[PDB]
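For reference, the structure is listed below as structure tokens.
Protein chains: 4
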Amino acid sequence: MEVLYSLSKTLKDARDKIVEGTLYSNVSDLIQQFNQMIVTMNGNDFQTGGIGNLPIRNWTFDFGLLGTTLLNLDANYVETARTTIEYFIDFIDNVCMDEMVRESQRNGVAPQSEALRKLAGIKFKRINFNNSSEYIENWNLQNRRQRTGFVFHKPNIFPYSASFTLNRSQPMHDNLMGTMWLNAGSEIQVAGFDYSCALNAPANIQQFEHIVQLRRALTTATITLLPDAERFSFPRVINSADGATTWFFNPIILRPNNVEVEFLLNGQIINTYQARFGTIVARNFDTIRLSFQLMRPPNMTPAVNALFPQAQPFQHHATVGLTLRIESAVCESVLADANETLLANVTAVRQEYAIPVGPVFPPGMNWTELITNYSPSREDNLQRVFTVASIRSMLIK
Amino acid sequence: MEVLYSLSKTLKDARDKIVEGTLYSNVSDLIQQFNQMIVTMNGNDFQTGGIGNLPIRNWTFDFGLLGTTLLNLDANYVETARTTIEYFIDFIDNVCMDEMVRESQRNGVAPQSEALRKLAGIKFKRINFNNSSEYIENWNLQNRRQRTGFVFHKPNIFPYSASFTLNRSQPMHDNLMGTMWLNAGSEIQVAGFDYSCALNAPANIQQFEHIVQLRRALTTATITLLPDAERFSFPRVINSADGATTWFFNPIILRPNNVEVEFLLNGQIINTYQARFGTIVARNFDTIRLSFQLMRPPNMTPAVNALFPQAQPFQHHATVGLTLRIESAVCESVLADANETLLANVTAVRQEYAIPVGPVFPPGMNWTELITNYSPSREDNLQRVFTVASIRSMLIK
Amino acid sequence: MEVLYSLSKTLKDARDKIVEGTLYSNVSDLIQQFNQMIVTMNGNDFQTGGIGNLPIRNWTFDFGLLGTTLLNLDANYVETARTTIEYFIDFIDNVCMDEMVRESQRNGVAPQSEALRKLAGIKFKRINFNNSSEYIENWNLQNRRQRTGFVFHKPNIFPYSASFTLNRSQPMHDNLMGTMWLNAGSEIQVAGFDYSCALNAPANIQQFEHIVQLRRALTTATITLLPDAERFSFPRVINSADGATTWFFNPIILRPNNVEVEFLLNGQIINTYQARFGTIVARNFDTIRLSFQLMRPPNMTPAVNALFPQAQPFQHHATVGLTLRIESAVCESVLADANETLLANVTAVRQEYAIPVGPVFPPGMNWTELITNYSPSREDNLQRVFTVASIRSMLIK
Amino acid sequence: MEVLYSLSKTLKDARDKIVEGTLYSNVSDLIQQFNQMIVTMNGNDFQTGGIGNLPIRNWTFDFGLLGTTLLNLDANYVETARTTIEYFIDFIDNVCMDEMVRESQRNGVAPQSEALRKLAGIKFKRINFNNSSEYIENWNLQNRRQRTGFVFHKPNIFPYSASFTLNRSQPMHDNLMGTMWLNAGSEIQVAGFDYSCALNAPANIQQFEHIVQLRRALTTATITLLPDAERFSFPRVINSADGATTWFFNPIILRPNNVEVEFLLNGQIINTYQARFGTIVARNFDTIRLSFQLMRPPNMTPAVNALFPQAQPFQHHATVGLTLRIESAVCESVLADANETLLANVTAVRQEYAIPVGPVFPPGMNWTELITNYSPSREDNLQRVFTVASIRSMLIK
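Now the structure itself:
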């Protein structure tokens, strides 16, 4: 796979640097690398594809070495180089597409795609050019056990889940208390609601707590934290716990008082933030514990007093919400992002050719289902296909 | 254009690599490139500016070469290189601004700005260093017809439009039905509202459809689809279609049921997702068809039963929402972004010097018009100007 | 594929110049070219077919060269020649069919068909003869991007569309204003109609508009504009707008007064012809904006007076008409035309061998839906297959 | 003119035959032609434009010659040739646009546009390559006065004219008899009509005759003649000849019995065809006499009898029609077609730059007024501008 990255990198650098009129000093080393690749690939045959609709293509390599007698590149040199490079780029695209569709429950990190296995053999090692990109760098760092890491803008760490838990309810659904939440991508919204606005509760303060259990621990995560969860602050009618009926929800947004956001690693408090909204930072964490409160306002003007009676009807339902966005972070494992398109490329490749559902990845590579159960073999296969997709996206956009 | 990018690249590399104390091994190739640039541009006169308020500046080049017998660079070397580099940097900045401010109805891709047009000659072909940047690489891959691509974060593809259609209405505006939608940049938010909560609809389901056609195909796009469109989930007062009288809106957010999202290319259905929210992928799509349904809930708690009567008033109006953010994508033609600053650079350079409204681009380069009408001439000019803006932004920030 | 065109050209020339009794000075150059072709192709085994019902074929070349020490050609020379040319024509025909059947969504300009993708290699650049034909020269220009153009006799730029709009209507469909149109191939036929003969219209003048939006802008188009669109100028019964009922239409034609035709190019009024008929010229345009008027006759013979009453019955329905035939045009991209058989050739090759549906083209190469949605990928695939079809038609008819 | 055509021809052949990898035997003669053109154009300062909105450009030539010993062309050779070819193509395009916009009452064939007049000298005679195209060959044959001929597909010889004559009439316009005709493009639709259905005519036969006089004699013209003119066979209301009143027209279509079409040159009856339809041939003619007859049905079923009464009112009016297309022809002078973009090119070139209205051509070059008055001087200027446009179409489309 290092060899595949090196082929992609030297093809990109050749299509970049080898231009009409550039000095030979600018591309002497690149020509050395290109000649190395050409000789090491010459007299060889590869077979790509044969899964799904992805067609069988046979590659045979026999090319001429780029010259060295030229003091300054001219149209002959450029044309010969590009006639070679088009062929090589199509080969690399096909190899990456072939590898992205294969899938192994056992030994995921090892290379599928017998063509790519032959590339991984012991006479193509001399094509290893440089492993500069983040994905290949982490690939090497993981193959020789070391501290990996990927910087993610807005990771999809959270499996999609919009739901609610009712700590107090009745079949009439007139007097409810609980927490609604939505975890999605990099966003958390929670809304603890009480229909009685903390009357029978002790001290007229109702406690609310929400736990979000990351499947992988993040690092140095810049996290925006704001009050007043938007999505749970307008009236709704929501199906019951089992769909039997539907209950009406009519929020009146109080302010969440003495909020406390804790970032936990294996149960140890790694960070805590007490009533400090706006940007904050989580050093290293795999669980988020948001503990907020609904305090009945002791002093109340006539309007809010009328909003909150003490009899049964409760025509307005008090609500306190929090919003929490992981703006950026650094994850040891590989995840989807908003900055990158690796998941898009992998799933598009799998959908182009109607690849049959393999063992480990869920159908259609549904990211929610993939991240809810993120077992080690699944993670290994995801890393392999993502790094291959990066190598492809180096050239095929 | 390629020569202009090469000049910018070598100047950036001269500003970076050529610093005091550096080994000559680290700067040998760049010094040879710099010497050739000096030699080829010596004894040549350029004249930039001369439109709007951009001052007419004459450039004449008479600069000495750089040494080779050193082992480690010192102050003398750096000082002479600095004096030359500042002059070339200013010259390149002014050439880029001159090329950005200009348009052309016919032959957009070909250069304007007689300085750059002179640069395009055979005499300067020896400057081409390496066309590494994404914009210049796509410039070459399109200048000779090949498959290009620009990767975008939150590509503001949709022109701004907030509007609504009413499939049932009457001047008292008491019993309406229809859709509202806001398309803005990268986000669609569509809300289908029925004032009767689908009382008399077949099977008590009201169907809503929203077709949005992009002006360019987006390849391998990652999208975030969620329910409960925020902006149409609170009470409003909205104009009539004719603007005569205003009508009240008072949403209760039902969920959308059997929601389908169809990503279509050239009419054919490329992808379709069936009640599956969260992160999704679209291989290709010239248009998006969001279809959903407002189903009257069969089992109604007394509260919601009170909300939805069979009488005429309908004091509360049922709604079902959808929101859809193109978190990232890849496009064959340039667009503005939330990550890049190319549009900002171009518009700022136009506004600084008060360039009169030209043939093709709208006044002020307002992206809404510029993407609403995206003729091939406008596309070609936008690509040229954006490539020049990237070339400038290499050196100037 | 310029090499493919060169093979086809040199085989056609060999068949059309190597004739018995002809001086060797007429075919010295072509014998040189043919020997170059033979030497280049010797030993190179090609493979063709393997899609749909197209048979798999293997092509092998070991051919001797033609004589050069002959003063004047004779029977034996021509017979050995034509033995070679028959085989070469067969190989070229198979390659062309294999390249027409195939199709590629991404990077559709590049060759499909492993035979042609091998011809694209470096060994075969010595076969390039010349690029004389319009299609091959436009192909070369676009590949090295320049302004190009195909000249078409009576293009079928318009997709078939016969329909109508009703500006005034009733459920009974007794008193209708509106427009009726048929766009088909090169002919627009638009007819406005008023059942009241502009009774209550302002000053007895009823305006009529018709926008038609060409998918690709045409250049230097010759147009024939006449009045009295014939197809909407006799009795009919037409389905309703939705399609429930039917309505009767009994046209008596008035003469269309102060007619105007505006040829626009992205909101750019390129040309305006007012009160002109017969041949006209639209130098460059993307939309045709037809306008005409129904003027009630100020004076009336009592026959006409009996036709047009003031009361409701309206037995006879006044109409105005316009026919607009695009005789010839120049289009930047390719289009089917009534002169050459490129589209017919491609569709014949597809149907003869039952090629399954591809990614980009519609089923059956249906021109109507191929031109309603004519995205760049579809356009370049169409250009590839059209150029290949021209290459084939040079030899096989 | 011969020189300018040779410039265009050799540039086209240089853009075609000089391609990468083509043998030198394929392009030797063309290379010598190119060298001759370069040598005899070097050091000449041409000037172009200065009328209307044409920019006043100045061209100066000092270009290098092309190699001679290389046995097979290569990329850099093509690159230098293309750098020269771009400039020369631009020069020719500008010169042809300059020449197409000039006129002269006296000596319209001699060159205007002083650049072309300079090219007409004795220095530039060595350029003359070969006069092969139709227009240049006719230009030579018609300068050194010989018989020439342009082949035209659908020649628009006829000026647009839609009108009628009334051999019987009244102040009502209630019992008429006469003819109507549309002569447009290459189409003659002539429809005789009689409101009495030839009731009282001698033997119930009404003889209709129509003489169409061409502005120039056509040769070997294929003509499609069909009965029942489709353009006048439906209801109408037609403003009177005076414009005072209107008159209703309600056709019922008889076929024309014993139709006879005579094609006349200089009075004599060159061709005559009686009761024949379909394709017919006029070897040489200048006028078309169409003579048909409306014969009352001797036997008549009750419905058609009810249509045709002996009384006055005549609710339905009998008509007999003819349609005559000139599918193809050969003409001595130049004309527009549906197969050539020469008129389109000239009119477009004048419109793009707003040439001042000249002495000889009509305003805007509308073909109807250009052909209706077609004096020899106007014909000569038309031939000159058309051949220049033909020269320009060899490079620019």
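Protein chains in written order, with the entry's author numbering: chain E, 1 to 397; chain D, 1 to 397; chain I, 1 to 397; chain G, 1 to 397.
We put the beta carbon where it would ideally sit given N, CA and C, even for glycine.
Buried versus exposed call for residue i [16 or more other C-beta atoms within 10 Å across all chains shown]
i	result
residue 441/D	The requested residue 441/D does not occur in the structure, where chain D is confined to residues 1 to 397.
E332/D	buried
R378/G	buried
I269/G	exposed
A306/D	exposed
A75/D	exposed
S163/D	exposed
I205/D	exposed
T387/D	buried
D380/I	buried
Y87/D	exposed
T279/E	exposed
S240/I	exposed
Integer-rounded CB distance, given that residue j should sit under 8 Å from residue i
i	j	result
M100/D	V346/D	6 Å
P155/I	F193/I	That pair is no contact at about 29 Å.
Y160/G	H317/G	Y160/G to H317/G, Cβ: 26 Å. No contact.
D62/D	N42/D	6 Å
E114/I	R231/G	Wrong, their Cβ atoms sit about 56 Å apart, outside the cutoff.
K397/G	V330/I	5 Å
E187/E	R276/E	With 8 Å as the limit, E187/E and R276/E do not qualify as a contact, their Cβ atoms being about 19 Å apart.
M180/G	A191/G	5 Å
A120/I	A14/I	Contact doesn't hold; Cβ gap of about 23 Å is too wide.
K123/E	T40/E	7 Å
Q32/D	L66/E	The Cβ separation is near 19 Å, so there is no contact.
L395/E	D93/E	7 Å
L199/E	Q312/E	Wrong, their Cβ atoms sit about 11 Å apart, outside the cutoff.
Residues near residue i by beta carbon distance below 7 Å, same chain, minus five either side
i	result
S390/G	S133, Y135 and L342
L265/G	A217, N284, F285 and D286
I51/I	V101, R102 and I355
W139/D	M1 and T387
Cβ shell of residue i (< 6 Å), same chain only, five flanking positions each side left out
i	result
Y374/I	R215
residue 404/G	Nothing can be reported for residue 404/G: it is not among the residues displayed for chain G, which extend from 1 to 397.
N58/G	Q47
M295/I	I205 and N257
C96/D	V388, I391 and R392
Own chain, CB closer than 8 Å to residue i, minus 5 neighbours either side, in chain order
i	result
residue 399/E	Outside the displayed range of chain E (1 to 397) lies residue 399/E, so it cannot be described from this structure.
Sequence ranges, alpha helix (DSSP H) only - wholly within the segment 116-188 of chain I, length at least 4: 134-143
Contained beta strand (DSSP E) runs [length at least 3] in the segment 219-258 of chain D, N- to C-terminal order: 236-238, 247-249 and 251-254
The segment 4-24 of chain G in contact with the segment 16-25 of chain I per 3-pair CB rule at 8 Å: no
Contact between the segment 343-363 of chain D and the segment 90-106 of chain D (3+ Cβ pairs under 8 Å): yes
Entirely enclosed alpha helix (DSSP H) segments - the segment 287-353 of chain D, minimum 4 residues: 302-307 and 342-353
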